[PDB]
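Participant: fold the stuff below for me.
(chains A, B, C and D, ligands or ions: 6)
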Amino acid sequence: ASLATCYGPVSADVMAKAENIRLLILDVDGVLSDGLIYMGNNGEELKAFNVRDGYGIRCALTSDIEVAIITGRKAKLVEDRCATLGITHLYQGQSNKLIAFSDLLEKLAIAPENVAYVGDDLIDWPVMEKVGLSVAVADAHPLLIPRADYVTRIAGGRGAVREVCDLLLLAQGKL
Amino acid sequence: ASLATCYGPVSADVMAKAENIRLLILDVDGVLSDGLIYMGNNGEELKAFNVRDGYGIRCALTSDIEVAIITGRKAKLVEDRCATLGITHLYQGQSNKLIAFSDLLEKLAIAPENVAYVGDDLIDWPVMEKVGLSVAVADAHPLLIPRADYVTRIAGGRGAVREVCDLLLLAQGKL
Amino acid sequence: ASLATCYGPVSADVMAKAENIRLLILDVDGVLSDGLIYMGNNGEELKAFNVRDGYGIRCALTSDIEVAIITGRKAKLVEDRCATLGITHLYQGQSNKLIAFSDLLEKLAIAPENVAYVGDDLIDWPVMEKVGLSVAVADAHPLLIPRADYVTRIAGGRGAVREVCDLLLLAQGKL
Amino acid sequence: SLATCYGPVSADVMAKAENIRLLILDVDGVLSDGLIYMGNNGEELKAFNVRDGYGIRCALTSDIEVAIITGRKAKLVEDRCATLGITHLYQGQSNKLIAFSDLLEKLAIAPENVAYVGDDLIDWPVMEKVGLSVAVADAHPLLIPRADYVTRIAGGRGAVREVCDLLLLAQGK
Ligand SMILES: O=C(O)[C@@]1(O)C[C@@H](O)[C@@H](O)[C@@H]([C@H](O)CO)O1
Ligand SMILES: O=C(O)[C@@]1(O)C[C@@H](O)[C@@H](O)[C@@H]([C@H](O)CO)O1
Ligand SMILES: [Mg+2]
Ligand SMILES: [Mg+2]
Ligand SMILES: [Mg+2]
Ligand SMILES: [Mg+2]
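Facilitator: Residues are numbered from 1 along each chain as shown, chains lettered A, B, ... in the order given. Ligands and ions are numbered 1, 2, ... in the order given. Sharing the structure here:
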C-alpha cells in the first residue's frame, strides 16, 4: 500500500486516486508562481513562472489529461502563459471557484472523482473538498496542508506542478 | 497562558492584545514587500507583493479591522496596491510616522491600545513603542526583533502580514 | 582516488574526464538561469542570469575551452546574454538537441569525449549520454541527478556554471 | 571577543573598523544577490535591498564615505547611487586597482583607512590592500578564508547593512 516515486514514497490510495484523473486544475498564484506580484510605477505587472512545470503541463496535455486554471485575478500575462502552453480552460476573476468547477464537470462530461486540484490557500478548499485528488503545495497555508490527500515535496512555483504531473503520468502508465 | 495557532503557539498576553485591535498599520518595504527594490535601465521601479497577504487584508477589512499603510516615499505602485486591496488609509512620504499615527487615531476615534503595527527596521520603533500590539517580521533587523510583542514565523513579503491578520481574527473569534 | 576542490571533493574519474574538455555546452533554463520565466501584462519576458557564471565562462573561453548554448526557443535576451559573455556558438529554436550537437562537433572538429554538457531536465539526457562529461545541476530533475557523471553543489542560476568552469580549469591546471 | 547584533566579532576586526573613512562596495552579489534580469526588449533589472540603503545613508551622515567600483555599466546603478547620495561611482572597471588608486588621492586617505566588501576573486587584488576586507556570506568559496571579516548575511539580503552597522559600532555611533 505504498509506492516509491522520485520525490519519495506515496501511498497506494493517492496512486489509485491519481490513476483516475482526467482533469488537473491549478491555481496560478502560489502554485504556478511563488506567490509574488511585481508592480511598477506605471502599470507594469510581472509574474514568475517555472519552466519545468511547463514541460509537465505539455506532457499531461499530450497524455489525455486536460489542464484547467481557476484564478481570482485577471491578467493578460496569464492569458499569454496559457496560450503559449496550450491550456484553453482558463478561468479568471473567479471569487467562488465552485462555479468554474461545475462548469468544467459539465463541459468535459466528467465526475468530481476524475478531477485533481492543486491549491495553496483556503479559498481553494471548497473545490478541493469535492475532487478525486486534492493537492497542497509544500508551502501552502498551514491549515490547508493536513486537509489534502497529497502534499508536494516541492514548493509553489518551484516545480510543484511538475511533481503532480509526474505523479499522474506514473499512475496512468503514461509517464 | 499560551495558545495554539496555525503558525505555532503564542502567549495569552499576545492574544489579549490582538483581541482589542481595531487598526492594523503596515509598512511597505520589508513587510508587504520582500524588502527589495527591482530597478531597471529604463528607470523601472518594481516591488514584489505576496498574494497570501492580500486575502488576509481583505478578511481583516470585512471583519471590522481597519488597515492602514504608512510609508516614507511616494510611489504610484503603492497607490495601485492599496486600491486593489481596498485600503483607503494610505500615508506616503511620511518622514514623521507619529503625525500619521495621531491623524489615524483622531480620525477613527481609537486609542493607541487598539492599534497593531508591523515593522522591520529601527525607524519603525518610535511608533511601535506606542501601540497595543507591536509586531516584527521574522527577517526584521536583529535589534528590533527582541523589542516587539510578537515576532512572526514568516518573513516579510512571504505571508507575514497574512500571519498577523490570521492572528487578529483568531483572537477576535472570526477565523 | 579523490581530489579537493573549493566546492568539495571530486572523484579522480570526474577529474580525468574534465581534463579532456575542449567544449562546454550549457542549457539556458535552470542551468544558466534560475529556471523561472518572468512574464508581463504588456508582453515582457525576463530571465535571471548570475554574475558568478559570467566570470567563469570568460575564463573558460580565454583558456582554450569553447562554450556553446543549445536551446529550445529563440529569444533576444539569450542572444544579448551571449554577446556580453562572448559566446559565439548559439543554437536557438532547436527541437532536436542531437542535430545541433552534431553540427557543433563538426563545425569545431571535436570528438564527443572532449565535450561536457550541463543540464537540468530529462530532455537533456539524450545529448548528455553521448558526451565525455555529463553534469546535472544540484536542483535538476531528481531522475537526471543519478545519471550524471557530476552533480554540482550549487543550484542552477546561482553559480553552478561557475562551479563547472572552475572544475574544468582546475583539471587542466588553469584555475 | 566583542558582541554585536549579528554575533561575536574579534577585537582585531573592530580595531580595523574604527579606522575606516571609506567603504567601497561591489554591486553584483554584494548590493544585489548576483542576479541579472534580462528581457526580450533589452530590459535589464537588478534587485537592491532597502535595509542596505538605510545603512549606507547612516554611513554617509557619519563621516564615512561610500564608493562603488563595478565591472558592469548600467544607468540603474547610477539611479541607485543618486537615491542614496553616493557620489563616487566607477563603472566598466575591468581592473579595480585603478579606481582604488583614484579614491585614495581624491579623498587623501591611506589603504588602511579603507574597507572593501566583495563577492568574487576579481575583488581580491583590492581587498588584499585595504584595512578591512569583507567577504559576504555567500561569496565565492575561495574568497571567504581570505577576508578579515565574513558577514552573516548573504549579498543583496542585508550584508551591506551589517557592515555599516559594524563600522558605526566601532566608531561609537
Ligand atoms: O496578494 C494579495 O494580497 C491579493 O489579495 C491582492 C489582489 O490584487 C490579488 O493579487 C489577489 C489574487 O486574487 C490572488 O491570486 O491577491
Ligand atoms: O553576470 C555575469 O555573468 C557577467 O559576466 C555579465 C557581464 O556582462 C559582466 O557584467 C560581468 C561583471 O564582471 C560582474 O558584475 O558579469
Ligand atoms: Mg493561491
Ligand atoms: Mg520599513
Ligand atoms: Mg534546460
Ligand atoms: Mg560581484
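
Participant: what sits opposite residue A:49 in the beta ladder?
Facilitator: residue C:37 (DSSP bridges).

Participant: okay, now it: neighbour count?
Facilitator: A count of nearby residues for residue A:49, using other Cβ atoms under 10 Å in any protein chain shown, gives 23. (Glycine included, C-beta is placed from N, CA and C.)

Participant: and the one 10 residues further on, by the same measure?
Facilitator: For residue A:59, the count of nearby residues is 17 (other Cβ under 10 Å).

Participant: and for residue A:138?
Facilitator: Neighbourhood size, residue A:138 [other Cβ under 10 Å]: 16.

Participant: and if you look at the one 3 residues further on?
Facilitator: Other residues near residue A:141 number 24, with proximity taken as other Cβ under 10 Å.

Participant: do the same with residue A:131
Facilitator: Neighbour count for residue A:131, taken as other Cβ under 10 Å: 22.

Participant: so who does it touch?
Facilitator: By Cβ atoms under 8 Å, 6 or more residues apart in numbering or on different chains, residue A:131 lies in contact with A:25, A:112, A:113, A:115, A:116, A:117.

Participant: ok, now with 6 Å
Facilitator: With contact taken as Cβ atoms under 6 Å, 6 or more residues apart in numbering or on different chains, residue A:131 is in contact with A:112, A:115, A:117.

Participant: next one: residue A:108
Facilitator: Counting by Cβ under 6 Å, 6+ apart, residue A:108 makes contact with residue A:23.

Participant: switch the cut-off to 10 Å
Facilitator: Going by Cβ atoms under 10 Å, 6 or more residues apart in numbering or on different chains, residue A:108 touches A:22, A:23, A:66, A:68, A:89, A:114, A:115.

Participant: also residue A:48?
Facilitator: When contacts are counted by Cβ under 10 Å, 6+ apart, residue A:48 is found next to A:32-38, A:157, B:48, C:34-39, C:46-48.

Participant: could you count how many residues lie near the residue lying closest to it once chain neighbours are set aside?
Facilitator: In this structure, residue A:48 finds its nearest non-sequential neighbour in residue C:36, 4.5 Å apart by Cβ to Cβ, 6 or more residues apart in numbering or on different chains. Using other Cβ under 10 Å, residue C:36 is surrounded by 24 other residues.

Participant: shouldn't residue C:36 be in contact with residue A:34?
Facilitator: Yes - with contact defined as Cβ atoms under 10 Å, residue C:36 and residue A:34 form a contacting pair (8.6 Å).

Participant: please, where are all the strands along chain A?
Facilitator: Counting by DSSP state E, chain A has these strands, from start to end: A:2-3, A:10-11, A:23-26, A:36-40, A:45-50, A:66-70, A:89-91, A:115-119, A:133-136, A:150-151.

Participant: and the contacts of residue A:108 near chain C, which?
Facilitator: Among the contacts of residue A:108, no residue sits close to chain C (Cβ under 10 Å from any Cβ of the partner chain).

Participant: which two among those residues are spaced furthest apart?
Facilitator: Using Cβ to Cβ, the two most remote members of these are A:89 and A:114, lying 14.1 Å apart.

Participant: would a markdown table of the strands of chain A with distance to residue B:129 be doable?
Facilitator: Shown next, in a markdown table, are the strands of chain A (distance: least, Cβ to Cβ, whole Å):
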| stretch | distance to residue B:129 |
| --- | --- |
| strand A:2-3 | 55 |
| strand A:10-11 | 51 |
| strand A:23-26 | 45 |
| strand A:36-40 | 31 |
| strand A:45-50 | 37 |
| strand A:66-70 | 45 |
| strand A:89-91 | 47 |
| strand A:115-119 | 40 |
| strand A:133-136 | 39 |
| strand A:150-151 | 41 |
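
Participant: can you say which of the ones you listed is nearest to residue C:141?
Facilitator: strand A:45-50 (12.1 Å).

Participant: tell me what angle the closest one forms with strand C:36-40.
Facilitator: 150 degrees (axes from the mean of the first three to the mean of the last three Cα atoms, to 10 degrees).

Participant: still on that earlier bit, could you work out which of the strands of chain A reaches nearest to residue B:7?
Facilitator: Within the strands of chain A, the stretch nearest residue B:7 is strand A:133-136; the backing value is 15.9 Å (Cβ to Cβ).
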